[PDB]
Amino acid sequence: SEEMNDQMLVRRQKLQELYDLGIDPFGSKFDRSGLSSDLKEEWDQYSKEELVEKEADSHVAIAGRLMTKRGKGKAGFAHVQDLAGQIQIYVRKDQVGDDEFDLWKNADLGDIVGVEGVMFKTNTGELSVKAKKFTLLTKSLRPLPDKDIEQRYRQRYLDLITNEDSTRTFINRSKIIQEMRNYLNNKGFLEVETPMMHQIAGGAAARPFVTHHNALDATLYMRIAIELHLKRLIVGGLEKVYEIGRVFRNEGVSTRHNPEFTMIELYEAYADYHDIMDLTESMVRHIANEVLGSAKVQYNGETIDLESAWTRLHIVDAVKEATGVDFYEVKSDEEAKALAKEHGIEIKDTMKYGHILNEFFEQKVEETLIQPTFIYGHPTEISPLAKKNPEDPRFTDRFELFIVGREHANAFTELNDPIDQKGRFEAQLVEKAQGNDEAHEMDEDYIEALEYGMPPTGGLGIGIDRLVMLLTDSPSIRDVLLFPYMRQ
């Protein structure tokens, strides 16, 4: 724009003027007595007349961004924004002196300023700081935008200045994650760090990001999951371990998806998937109560009840409820393919009984699960790391947590049998050769670890970003990431 270029030229002139006046226009350190909220908590109780008597005791020092400005004469007003919010400042020439009032006149919207002064109230009752000393801490060379929908994601720093609701989401994200640590640390779980660069990327059904080590001439994959390294630590005897960190998945383009995202994975020796259900339900309920004050949370104008007991439903029973098809009584792959055609379930011809049952669930059931629901009993074909159910080997002791129509957690009784696990890994190569590009690879070192003996173990994975979305009432993953991935 022509107007935008003229504003930036004026700001460059004003920068040079500050150099001519003999100050550092990008500032030195600045001591502060408090934030705007501390000033309001301590002084807003008192009236205009009471504050005049307390001027000897109300000396403060604040700093922040100039958001409003008025007064072309010898007295002027402005709103200064810091982390907590805004506070009005009052700058008189007869208070700050001639040299500092030239800096006040130079100052424009967006500049960082420091103010030392005393508290007072205007005739309208607005708590303000009467400046005794004014400091221009940083000259901004570019003005803020006033009144592009993608700018808040591409330039998050502008969103954090202009939108207070955005800042609250990220503060609550930090509290949610820290409350998860505190909960698990109090129960005896050890936080660990495992490699993000894997020789073989396993632990999930997803396409990896590939990279190259130059000095070694070696191919490395960014991790798609934290699973396989954490189960090695269970073989090593650590018993209770977890890890909160980034995973990377090279999947298709979507507003619902991000190439990198934060996961917690957790493993407890001598537990099963029912113990993990209890832990997941208790932990999420606890985090909601501590951060929000209630486990009944609003999501898109609807009350999601995490306080009351969460529903537990077998995937076969969920599909039967929705479609009338009872997959217990389906006896072959051909019968499943026939039923898939009848009920309009999009499938691939390579799919079997278990794959098709899952498509019934994903296409007809999944989205209806608004209240927190543990869907369990996932078929063996889609569950390569989960132990089989003893009473019915078609299904595994696995669950997925569904809230607001989407997956929030994945968990199972772990497969500690290295013979079966070798067999699962072999069957995933059959799928990979015939057109399933996001299938499990052959990790020989992992099988070797299981052969030394892994105890019976319960494992859990929670998508942290989706949990944060739920508890902050955010419609998209781009609202809970500070710098979400944007095209170009």
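The first residue of the shown sequence is 1; numbering continues from there.
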Per the entry, how many deposited residues between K147 and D148 lack coordinates? The answer is 4 to 9
With reference to the PDB entry, specify whether the mean Cα temperature factor is higher for 460 to 468 or for 18 to 26. 18 to 26
With respect to the recorded C-alpha B factors, which stretch has the higher mean value, 159 to 167 or 239 to 247? 159 to 167
Can you pull the Cα B-factors for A218, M283, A271, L385 from the entry and say which is highest? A218
Entry record, C-alpha B-factors for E193, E265, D333, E179; the maximum is at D333
If you rank the chain by CA B-factor, which third does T413 end up in: lowest, middle or highest? lowest
Entry-reported Cα temperature factor of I419, expressed as the chain third it lands in: middle
According to the PDB entry, is the CA B factor of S37 in the bottom, middle or top third of its chain, that is, lowest, middle or highest? middle
Hey, what third does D275 fall into on Cα B-factor, ranked over its chain? lowest
Give the position of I447 by CA B-factor within its chain, expressed as the lowest, middle or highest third. middle
